[PDB]
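S.K.: Sequence below, structure please.
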Amino acid sequence: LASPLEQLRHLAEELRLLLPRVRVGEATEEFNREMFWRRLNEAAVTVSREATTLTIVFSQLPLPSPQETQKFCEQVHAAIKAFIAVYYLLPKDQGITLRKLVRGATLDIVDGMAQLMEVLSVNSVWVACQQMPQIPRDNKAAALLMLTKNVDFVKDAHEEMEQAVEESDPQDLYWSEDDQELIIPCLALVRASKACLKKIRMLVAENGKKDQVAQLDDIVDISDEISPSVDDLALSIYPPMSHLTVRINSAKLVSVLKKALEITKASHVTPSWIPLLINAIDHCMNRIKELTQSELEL
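M.R.: Residues are numbered from 1 along each chain as shown. Shown next is the protein structure:
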């Protein structure tokens, strides 16, 4: 048996080896919605007990004997194994979005517990274990969550670019008057994007129905694209900003928003406001095409 601090080092290592495995995982007509969430919670509590136990113990001297450490390490692994096992009990059946969140929480826990084991060898885990009650328990709430995560991301991008522009002086690495002028539409387009996600969230909130696992997953899937579009768009705005690239990215975003809106209109979630959001969006893009025509002329 190795050193106690050495033994933990290996526990940590052995722990991270799971992350890849948990990312991709095997998984039912008889599925206990409530019995599931009960077991997972317990799983979590147990995990954090072990974290606490190890923490208090390896905080003081002398350290435990090598065999004592061996037991501790096992308890930790057992607690982790048991938790993952519960995760693996959740059927894709219940929602891809739902499963992603449980999966991510599961990984967070595993990774946290690994971080701590390293640290002890020389509060991610506890926080991670705290999360259990918070995480959604049906694909509707999961979708809602995912949607607000998007709204927020877009909102920040907006703010960043806006501050960015403001601070711009009242050669390269600069913004031209032309650059400045073309930024205006791009920014509204981003704002319209947020407007879109918020509209979608709202409709899902008001009309979404837990049963519609597939459609919820659908609306979420396309919704998620809005953010990287925006991200790509923003990144090309900053200098040196190629107008050609801005035009392309803008068009990508538009196509996305529209695809998002279209999928929402067909879902069980539909009502209107969508047509005039599309008016705003078209006007932005039209304005962007116009500010940028000389690039695509010959």
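
S.K.: Check the burial of residue 213 by counting its neighbours.
M.R.: When neighbours are defined as other CB atoms under 10 Å, residue 213 has 21 of them. The C-beta positions use only the backbone N, C-alpha and C, and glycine is treated the same way.

S.K.: ok, how many other residues are close to residue 65?
M.R.: A count of nearby residues for residue 65, using other CB under 10 Å, gives 11.

S.K.: same question, residue 90
M.R.: For residue 90, the neighbour count with other CB under 10 Å is 21.

S.K.: Now do the domain split for the chain, please.
M.R.: With domains defined by curated CATH domains, the chain comprises 1-133, 134-298.

S.K.: Can you give me the end-to-end span of the last one?
M.R.: The one in question is domain 134-298. With CA to CA, to the nearest Å applied, domain 134-298 spans 57 Å between its terminal residues.

S.K.: Show me how far that domain is from its chain's centre.
M.R.: Relative to the chain's own centre, domain 134-298 is displaced by 17 Å; criterion: CA atoms, centre = their mean, to the nearest Å.

S.K.: Show me the helices in the stretch 1-150 of the chain, by range?
M.R.: If DSSP state H, counting those that start in this stretch is used as the criterion, the helices of the stretch 1-150 of the chain fall at 4-16, 18-23, 33-57, 66-87, 96-121, 124-130, 139-167.

S.K.: Deepest-packed of the ones you listed, please.
M.R.: Among the helices of the stretch 1-150 of the chain, the stretch with the highest mean neighbour count (mean count of other CB atoms under 10 Å) is helix 96-121, at a mean of 21.

S.K.: Residue 72 against residue 57, yeah?
M.R.: Yes: between residue 72 and residue 57 there is a contact at 6.9 Å, judged by CB atoms under 8 Å.

S.K.: any idea how far residue 289 is from residue 124?
M.R.: The gap separating residue 289 from residue 124 is 48 Å, by CB to CB, to the nearest Å.

S.K.: one step back: what sits in contact with each of residue 72 and residue 57?
M.R.: Taking CB atoms under 8 Å, 6 or more residues apart in numbering as the criterion, residue 72 and residue 57 both touch residue 64.

S.K.: And the helices of the stretch 1-150 of the chain: which comes nearest residue 205?
M.R.: Among these, the nearest to residue 205 by CB to CB is helix 139-167 (6.1 Å).

S.K.: what sits against residue 255?
M.R.: Neighbouring residues of residue 255 by CB under 8 Å, 6+ apart: there are none.

S.K.: Tell me how far it lies from residue 115.
M.R.: Separation of residue 255 from residue 115 (CB to CB) stands at 41 Å.

S.K.: Residue 288 now?
M.R.: According to CB to CB, residue 288 stands 45 Å off from residue 115.

S.K.: And for residue 176?
M.R.: Using CB to CB, residue 176 is found at 47 Å from residue 115.

S.K.: With residue 272 instead?
M.R.: Distance of residue 272 to residue 115, given as CB to CB: 48 Å.

S.K.: do the same with residue 66
M.R.: 23 Å.

S.K.: With residue 5 instead?
M.R.: 16 Å.

S.K.: residue contacts, residue 65?
M.R.: Contacts of residue 65 by CB under 8 Å, 6+ apart are residue 4.

S.K.: Give me the phi and psi for it.
M.R.: Backbone dihedrals for residue 65, given as degrees, to the nearest 10, come out at phi -60, psi 160.

S.K.: circling back to that earlier point, could you dump the helices of the stretch 1-150 of the chain to CSV with distance to residue 242?
M.R.: Output for the helices of the stretch 1-150 of the chain, formatted as CSV (distance: least, CB to CB, whole Å):
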stretch, distance to residue 242
helix 4-16, 41
helix 18-23, 36
helix 33-57, 49
helix 66-87, 45
helix 96-121, 35
helix 124-130, 41
helix 139-167, 16
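
S.K.: out of those helices, which comes closest to residue 211?
M.R.: helix 139-167 (9.1 Å).

S.K.: Report all helices and strands that the closest one contacts.
M.R.: Judged by 3 or more CB pairs under 8 Å, 6 or more residues apart in numbering; DSSP states H and E, helix 139-167 is in contact with helix 96-121, helix 177-207, helix 213-237.

S.K.: buried residues in the following helix or strand past the last one?
M.R.: Think helix 213-237. Next helix or strand after helix 213-237 toward the C-terminus (DSSP states H and E): helix 243-266. Within helix 243-266, the residues scored as buried using 16 or more other CB atoms under 10 Å are 243, 245-250, 253-254, 256-258, 260-261, 263-264.

S.K.: downstream neighbour of helix 243-266 in the secondary structure list?
M.R.: Next in sequence after helix 243-266, counting helices and strands by DSSP H and E, comes helix 273-290.
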